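Chemist: After the structure tokens below, expect a handful of questions from me.
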Amino acid sequence: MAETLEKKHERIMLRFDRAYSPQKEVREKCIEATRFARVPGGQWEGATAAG
Amino acid sequence: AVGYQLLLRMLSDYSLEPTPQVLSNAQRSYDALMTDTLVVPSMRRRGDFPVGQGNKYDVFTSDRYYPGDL
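Note that the protein sequences, when read in sequence, are chains G and m.
Going letter by letter, the first sequence gives residues 1 to 51 in the deposited numbering.
Going letter by letter, the second sequence gives residues 81 to 150 in the deposited numbering.
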């Protein structure tokens, strides 16, 4: 029944992990594309300090 | 190398003409000696050369241009 509020919280945490696990590498590409398009120095990110 | 160079610079005291084999040995040893202590300088940027936007010269570095002179 999950009477206590603490018992209801780890279920929410587990659901968050289950929702985050699959859609992890797609949002990475989305954020990378947005950063590559808008951030002024974002087109060289990953090799900023190289010499 | 030192011995062969000294022999070449000293043979004139006794008026002796060096043989080709001694010359080849001396030049080979001298080439090895100069090979050991060889340093090749590396050129550097001019100093007014721009630094691109990819280097993040806002927060990562303050250099809009290379120092390149030292």
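The beta carbon of each residue, even a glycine, is placed where N, CA and C say it ideally should be.
Would you mind listing the alpha helix (DSSP H) stretches within the segment 91-119 of chain m that are 4+ residues and don't spill past its ends, in chain order?
Modeler: As far as the segment 91-119 of chain m is concerned, its whole alpha helix (DSSP H) runs of at least 4 residues are 100-116.
Chemist: Answer yes or no: do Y110 of chain m and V131 of chain m have a C-beta to C-beta separation smaller than 9 Å?
Modeler: Counting from 1 along the second sequence, the entry for residue 110 of chain m is found at position 30. Counting from 1 along the second sequence, the entry for residue 131 of chain m is found at position 51. For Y110 of chain m and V131 of chain m, no; Cβs fall outside 9 Å.
Chemist: Whose Cβ in chain m lies nearer than 8 Å to the Cβ of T48 of chain G?
Modeler: Residue 48 of chain G sits at position 48 when you count from the first residue of the first sequence. Here the neighbours are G134, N135, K136 and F140.
Chemist: Considering only the beta carbon of each residue, do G41 of chain G and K136 of chain m sit closer than 9 Å?
Modeler: Position 41 of the first sequence, counted from the first residue, corresponds to residue 41 of chain G. Position 56 of the second sequence, counted from the first residue, corresponds to residue 136 of chain m. Against a cut-off of 9 Å, the Cβ pair of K136 of chain m and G41 of chain G comes out as a contact.
Chemist: Look at the alpha carbon of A33 of chain G and the alpha carbon of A2 of chain G, and state the distance between them as a whole number of angstroms.
Modeler: Stepping through the first sequence from its first residue, residue 33 of chain G is reached at position 33. Stepping through the first sequence from its first residue, residue 2 of chain G is reached at position 2. So the two alpha carbons sit approximately 42 Å from each other.
Chemist: Excluding sequence positions up to five away, which residues of its chain have a Cβ less than 6 Å from the Cβ of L113 of chain m?
Modeler: Your numbering for residue 113 of chain m matches position 33 in the second sequence. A81, listed in sequence order.
Chemist: Comparing alpha-carbon positions, which option in m:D149, m:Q133 and m:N105 lies nearest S142 of chain m?
Modeler: Numbered from its first residue, the second sequence carries residue 142 of chain m at position 62. Nearest C-alpha to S142 of chain m: m:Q133.
Chemist: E97 of chain m and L91 of chain m - do their beta-carbons sit closer together than 9 Å?
Modeler: Start at 1 with the first residue of the second sequence, and residue 91 of chain m comes out as number 11. Start at 1 with the first residue of the second sequence, and residue 97 of chain m comes out as number 17. Yes.
Chemist: In angstroms, rounded to a whole number, what distance separates the CA positions of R38 of chain G and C30 of chain G?
Modeler: For this step, residue 38 of chain G is matched to residue 38 along the first sequence. For this step, residue 30 of chain G is matched to residue 30 along the first sequence. Those two C-alpha atoms are separated by around 12 Å.
Chemist: Could you tell me the distance, in whole angstroms, from the CA atom of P100 of chain m to the CA atom of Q107 of chain m?
Modeler: In the second sequence, counting from the first residue as 1, residue 100 of chain m sits at position 20. In the second sequence, counting from the first residue as 1, residue 107 of chain m sits at position 27. One C-alpha to the other measures close to 11 Å.
Chemist: Note down, in chain order, every chain m residue with its Cβ under 8 Å from the Cβ of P22 of chain G.
Modeler: Position 22 of the first sequence, counted from the first residue, corresponds to residue 22 of chain G. Per Cβ cutoff of 8 Å: no residues; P22 of chain G is ~33 Å from chain m at best.
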